[PDB]
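# Examination of the molecular architecture
As a plain string of letters, each chain reads:
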Amino acid sequence: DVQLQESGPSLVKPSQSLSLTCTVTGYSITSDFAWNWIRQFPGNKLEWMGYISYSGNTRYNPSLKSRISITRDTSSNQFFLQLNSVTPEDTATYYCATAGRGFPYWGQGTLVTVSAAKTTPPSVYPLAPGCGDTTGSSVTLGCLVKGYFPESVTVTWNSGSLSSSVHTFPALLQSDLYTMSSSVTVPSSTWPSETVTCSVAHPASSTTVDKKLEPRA
Amino acid sequence: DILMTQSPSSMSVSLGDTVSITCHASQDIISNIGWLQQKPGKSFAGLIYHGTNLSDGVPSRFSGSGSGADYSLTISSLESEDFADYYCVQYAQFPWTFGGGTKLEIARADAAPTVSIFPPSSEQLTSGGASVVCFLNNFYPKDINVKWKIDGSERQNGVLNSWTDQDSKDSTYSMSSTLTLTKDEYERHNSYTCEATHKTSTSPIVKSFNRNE
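Rules behind the numbers
- Residues numbered from 1 in each chain as written, not as in the entry; some residues may be left out.
- Chains lettered and ligands numbered in written order.
- Heavy atoms only, no water.
- Helix = DSSP H or I, 4+ residues; strand = E, 2+ residues; numbered from the N terminus.
- Rg over C-alpha atoms; globule rule 2.2 N^0.38 Å.
- Buried < 20%, exposed > 50% of the residue type's maximum accessible area, 1.4 Å probe, protein only.
- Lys, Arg positive; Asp, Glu negative; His and termini not counted.
- Charge placed at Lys NZ, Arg CZ, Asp CG, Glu CD.
- Domains from an automatic or database assignment.
- Contact = heavy atoms within 4.5 Å.
- Buried area = accessible area lost by both parts, 1.4 Å probe.
- Salt bridge = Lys/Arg side-chain N within 4 Å of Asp/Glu carboxyl O.
- Polar contact = N/O pair within 3.5 Å; in protein donor to acceptor, adjacent residues only side chain to side chain.
- Nonpolar A, V, L, I, M, F, W, Y, C, P; charged D, E, K, R; others polar.
- Disulfide = S-S within 2.5 Å.
- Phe/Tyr/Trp six-rings, centres within 6.5 Å; stacked < 30°, edge-to-face > 60°.

On a plain count of helices and strands, chain A comes out with zero helices and 19 strands. In terms of overall dimensions, chain A is more spread out than a globule: its C-alpha atoms have a radius of gyration of 21 Å, far above the 17 Å expected for 217 residues. The principal-axis extent of the C-alpha atoms belonging to chain A is close to 70 × 40 × 30 Å. Across the 217 residues in chain A, those meeting the buried criterion constitute 46%. Side chains of chain A carry 13 positive and 13 negative charges; the gap between the two charge centres is 8 Å.

The next point concerns the domain arrangement of chain B. Residue and element names in this part refer to chain B. The assigned domain composition of chain B is domain 1 (1-107) and domain 2 (108-211). Relative placement of domain 1 and domain 2: their C-alpha centres are 37 Å apart. Across the boundary between the two partners, domain 1 contributes four residues, which contact six residues of domain 2. Carbon and sulfur atoms make up 44% of the surface buried where domain 1 meets domain 2, a total of about 490 Å² over both sides. Along the contact surface separating domain 1 from domain 2 lie zero salt bridges. Summed over the shared surface of domain 1 and domain 2, the result is two residue pairs in polar contact. Of the residues assigned to the side of domain 1 that touches domain 2, the class counts are two nonpolar, one polar and one charged.

Residues and elements named next belong to chain A. In this structure the tally under the stated criterion is four disulfides over all chains. Here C22 is linked by a disulfide to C96, with a sulfur-sulfur distance of 2.1 Å. Across the S-S bond of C22 and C96 the torsion is about 70°, and the bridge reads as right-handed. Here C22, found in strand β3 (residues 18-25), pairs with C96, found in strand β9 (residues 93-99); they are 74 residues apart in sequence, far enough to count as distant. With relative accessibility at 0%, the residue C96 sits in the buried group. By sequence order of its bonded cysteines, chain B has the disulfide arrangement 1-2, 3-4.

Residues and elements named next belong to chain B. As for its position among the elements, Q166 is in the loop between β14 (159-163) and β15 (173-182). A distance of 2.8 Å separates a polar atom in the side chain of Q166 from the backbone oxygen of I106. For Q166, the side chain forms a polar contact with the main-chain oxygen of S171, separated by 3.1 Å.

Turning our eyes to something else, we now look at the interface of chain B and chain A. Facing the 46 residues of chain B at the interface are 46 residues of chain A. For the pair chain B and chain A, the interface holds zero salt bridges. At the surface where chain B touches chain A, the tally comes to nine residue pairs in polar contact. Of all elements in the fold, only β3 (33-38), β4 (44-49), β8 (85-90), β10 (114-118), β11 (129-139), β14, β15 and β17 (205-210) of chain B reach the threshold of two or more residues within the side of chain B that touches chain A.

Okay, the packing of aromatic side chains next. One pass over the structure, following the stated rule, counts 27 aromatic pairs over all chains. Note on A:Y95 and A:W106: the rings are 5.8 Å apart at their centroids and 75° apart in plane angle, and the pair reads as edge-to-face. On the criterion of sequence distance, the pair formed by A:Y95 in strand β9 and A:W106 in the loop between β9 and β10 (110-111) is long-range, its members being eleven residues apart. In this pair, the class of A:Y95 matches that of A:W106, namely buried. Seen from their ring centres, B:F118 and B:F135 are 5.1 Å apart, and the 65° between their planes marks the pair as edge-to-face. Linking B:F118 in strand β10 with B:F135 in strand β11, this pair joins segments that are 17 residues apart in sequence. For the pair shown, B:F118 and B:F135 are each scored as buried. An aromatic cluster is defined as three or more aromatic residues linked by ring pairs; in this entry it consists of A:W48, A:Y51, A:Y95, A:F103, A:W106, B:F44, B:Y87, B:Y91, B:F94 and B:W96.

Let us now look at the pattern of salt bridges. Per the counting criterion, the structure on display carries ten salt bridges over all chains. Note that A:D90 and A:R67 form a salt bridge whose closest N and O atoms lie 2.8 Å from each other. Note that A:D90 is positioned in the loop between β8 (78-83) and β9 and A:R67 in the loop between β6 (58-60) and β7 (68-73), a separation of 23 residues in sequence. With a relative accessible area of 19%, A:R67 lands in the buried category. Measuring nitrogen to oxygen at the nearest pair gives 3.7 Å for the salt bridge that ties B:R155 to B:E185. Of this pair, B:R155 sits in strand β13 (residues 153-155) while B:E185 sits in helix α1 (residues 183-186), placing them 30 residues apart in sequence. When its relative accessible area of 25% is taken as the criterion, B:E185 is described as partly exposed. Overlapping salt bridges, with partners in common, bring together A:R39, A:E47, A:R67 and A:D90 in one network.

It is worth spelling out unusual backbone geometry at this point. Note on backbone geometry: most residues besides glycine have negative phi, and most peptide bonds are trans. Of the consecutive residues A:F149 and A:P150, the connecting peptide bond is found in the cis state with omega at 0°. Following the sequence through the fold, A:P150 ends up in the loop between β13 (139-148) and β14 (154-157). In this model, A:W191 is joined to A:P192 through a cis peptide bond whose omega is 10°. Summarising the element assignment, A:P192 is placed in the loop between β17 (177-186) and β18 (197-201). Of note, the phi angle at A:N44 is positive, near 55°, even though the residue is not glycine. Looking at the element boundaries, A:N44 is found in the loop between β4 (34-41) and β5 (45-53). Of note in the backbone geometry, B:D151 takes a positive phi value of approximately 55° without being a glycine.

Turning our eyes to something else, we now look at the domain arrangement of chain A. Residues and elements named next belong to chain A. Each assigned domain of chain A is listed here: domain 1 (1-116) and domain 2 (117-215). Just the C-alpha atoms count here: the centres of domain 1 and domain 2 sit 33 Å apart. Each partner contributes residues to the interface: domain 1 has seven residues there, and domain 2 has seven residues. Approximately 550 Å² of surface area, both sides summed, lies buried where domain 1 meets domain 2, with 54% of it carried by carbon and sulfur atoms.

This is how it looks when you write it as structure tokens:
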């Protein structure tokens, strides 16, 4: 029962080099298997990139050949992706996985963005219901996330609790910045009763801000 | 590099149904093939390997078969969780290459959306900007058309639409239509109207407010 824990910074400037780390636990990378790097482009295309076997033996996808470099560390039990001369076109979600017997274990993925655009922290805004229109049975609340980069936020309501009846719309890019919002649907004996907050994390600036949905004035 | 011809590119079966997805190798990979599932925004979990073998923890609703250049995946008694993406992968000849994927969708009946409009928060305003937001939830089919107005005059500038993929919980979609203005221009207008037109309804759903309020 292996675990893939892929670390590495998610924002790389063009021409520079992208270098990631998978961290294997509950299995020895020298023992067995082939340990790989797979990228998935937006639009869900999958490219196999390469690997290093249990015996330190590498194989790459030749469409990378020149710039790809996959190595490992026995002691710590980790392998490393290095990819030089990145372009915008190398912006994908990076997965490490194990090979042989198929692809049993996978990492959780890591989004990598190749851009000269600056990291902006996101401004969160509560979107309480319209003015006078008191509700009845149903009530719909929202949260809007503006002016952030790069791709990677996580809007949670309270903290998972409001799990059900939640829609978080995928982000849309305008001028190097993402705006995204999320709606939560509730009964009423729930709100304004229960402290319903919007919990957004944006890792690239460590900005786990919460905002509390209050009625307007 | 061997081309993994995956078919069909998408579907829409009902619950408890059964799907067969057939992946076609450009050559003859001797059963070196894997069947992956990607649940929405998550990672992958291998389903079949070496062509016909179930991976551990994998339900007996799943099962694959194939020989030579031609392999397939069937899922019996389909369930909500099963309505995700699927990809075949070949690991016989280098470089290993993946299929183009297969999206899977639950055929639902039509739904009229549940529309809510949201004035700008008095936190965005004090900040300079002002977005008038609009959610259209729980409807089918995906095709929707939302339109904005400002004191009657329709407005195409400053809008930004976002659809979610299908919710497996209820086989519906949702979309958020965002209008973004400058706090000054917002303050120079009274009415804000959001119009959803769906194949469901003959006349559009109108939610609007008065900034005056």
